[PDB]
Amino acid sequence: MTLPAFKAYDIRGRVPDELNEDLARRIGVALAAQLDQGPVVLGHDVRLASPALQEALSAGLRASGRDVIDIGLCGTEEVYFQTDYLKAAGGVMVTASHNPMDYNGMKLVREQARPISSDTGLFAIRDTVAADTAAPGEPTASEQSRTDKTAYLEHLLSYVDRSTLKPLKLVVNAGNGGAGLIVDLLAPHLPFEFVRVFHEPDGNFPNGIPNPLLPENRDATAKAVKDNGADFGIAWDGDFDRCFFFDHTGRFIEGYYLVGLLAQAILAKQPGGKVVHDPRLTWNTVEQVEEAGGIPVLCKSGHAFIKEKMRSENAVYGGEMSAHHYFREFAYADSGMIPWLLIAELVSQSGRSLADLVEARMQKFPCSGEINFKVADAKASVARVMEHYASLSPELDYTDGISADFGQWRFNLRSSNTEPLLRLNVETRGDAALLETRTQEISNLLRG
């Protein structure tokens, strides 16, 4: 067989059977053989096993003559940022992001924080690790501790005009992951009044694993916003490369609408820029990008496709509906911090609530949300859907699965690249009734 921890985009498995210190050391050795010359940045999240896995990675890297730059406990985006900023050969973040207690993992990047994925080196590393029975060598390179965050913090703050910010009251919910450290380092430089929820880093996760999409976790941010009259609320996953927004009513804002909102915010600073978006939900993003004078660029779903497209297009911003936001100035990488700073600046400058910034867009382009289906035969299920709709002659696009545009409504239906699932997204032109009837019709076809 093959090591199951090696996934499409990263390494993730249960400790110690799928991932352990020995495997981590072998990954470090194998990674050294894949990178161009230079040092390697290492960081880790709040999980209990994360430091020991990073230490093993470092031991393997240094046995292979790689200098290591230890940036310590951090968010994933800090590995991306420091890898690029320090002109490193590559970087590894030790993290399980949002997963359970017995699980950990790694996200690997090369120069300029370019992704290393299954077909761009990650499976090559897997195969090297799988066959490596060599004795651990001893270190031939050094490790340096670089825990200064100053350049990262300055970079984050450079996205906003601090003189235009208003003293908004913001709920912030780190979910006992790592985001609170950065909020607290940014706070002396911002006028906001923070209401801190689940703020302390705690790898035992007393308040639940850090996954703001779980309704019970969602409600903790919503309640804090409502009870404190906050302007909005922000929650992060554990490694804080995703952020999640709650308006002043406590309503969680579906991520689709943030792509168009953030695109408009960025285009005010970089006029005429290209904006990359995914194919799942599109109409609102295309319109808002064009209305702000930008050029929208359709791209297959997945961070590696989006980053590659942004690079080839010099795109200023790219966004996925699923809370991933990528910024050219940030080494084309995703940040869970830049988005809320941009939104706080937009609320401050415009005098409009976050609710009102999105309300008309949500009415104009209602969407189903991503609905997942585990079916007996995905290919037969997809064929049942396409046969049912054939007589309507939709405009079809195979950029990523099947996109079908019927005029007043459209869907995207695709197989996940990460799990054996079918994923459905539907949207309409301002018609909630059509959205529901079509979503239910497709759902019935898929399950039949």
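Rigid core here is just the name for the largest C-alpha set that superposes within 1.5 Å across the two forms. Numbering starts at 1 and follows the sequence shown.
Trainee: Give, as the answer, the stretch of 403-411 and 418-426 that departs more from the shown form in 9 other deposited structures of this protein; the measure is RMS Cα distance after a core fit.
Mentor: Of 403-411 and 418-426, the stretch deviating more in 9 other deposited structures of this protein is 418-426.
Trainee: Between 86-94 and 373-381, which one shows the bigger average Cα displacement from this form in 9 other deposited structures of this protein once the rigid core is aligned?
Mentor: It is 373-381 whose C-alphas lie farther from the shown form in 9 other deposited structures of this protein.
Trainee: Compare the mean C-alpha B-factor of 42-50 with that of 395-403 as given in the PDB entry, and name the stretch with the higher value.
Mentor: The recorded data point to 395-403.
Trainee: Would you determine, from the values in the PDB entry, which of 130-138 and 297-305 has the greater average C-alpha temperature factor?
Mentor: Higher of the two, by average CA B-factor, is 130-138.
Trainee: Select one of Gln408, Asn412, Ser416, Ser58: the residue whose C-alpha shows the highest B-factor in the crystal structure entry.
Mentor: Highest C-alpha B-factor among the listed options: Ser416.
Trainee: Whose C-alpha has the highest temperature factor in the PDB entry: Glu216, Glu254, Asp84, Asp247?
Mentor: By C-alpha B-factor in the record, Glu216 ranks first.
Trainee: Against its chain's modelled residues, does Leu19's Cα B factor rank lowest, middle or highest third?
Mentor: As the PDB entry reports it, the C-alpha B-factor of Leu19 lands in the highest third of its chain.
Trainee: Place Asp237 in the lowest, middle or highest third of its chain's C-alpha B-factors, as listed in the PDB entry.
Mentor: Lowest third - that is where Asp237 ends up once the chain's C-alpha B-factors are sorted.
Trainee: Comparing against every modelled residue in the chain, figure out the third that the C-alpha B-factor of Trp340 lands in (lowest, middle or highest).
Mentor: Its C-alpha B-factor belongs to the lowest third of this chain's values.
Trainee: Taking only the Cα B-factors deposited for this chain, tell me whether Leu165 sits in the lowest, middle or highest third.
Mentor: According to the entry, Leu165 has a C-alpha B-factor in the chain's middle third.
Trainee: Lowest, middle or highest third: which one holds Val183 when the chain's residues are ordered by CA B-factor from the entry?
Mentor: For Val183, the deposited C-alpha B-factor lands in the lowest third.
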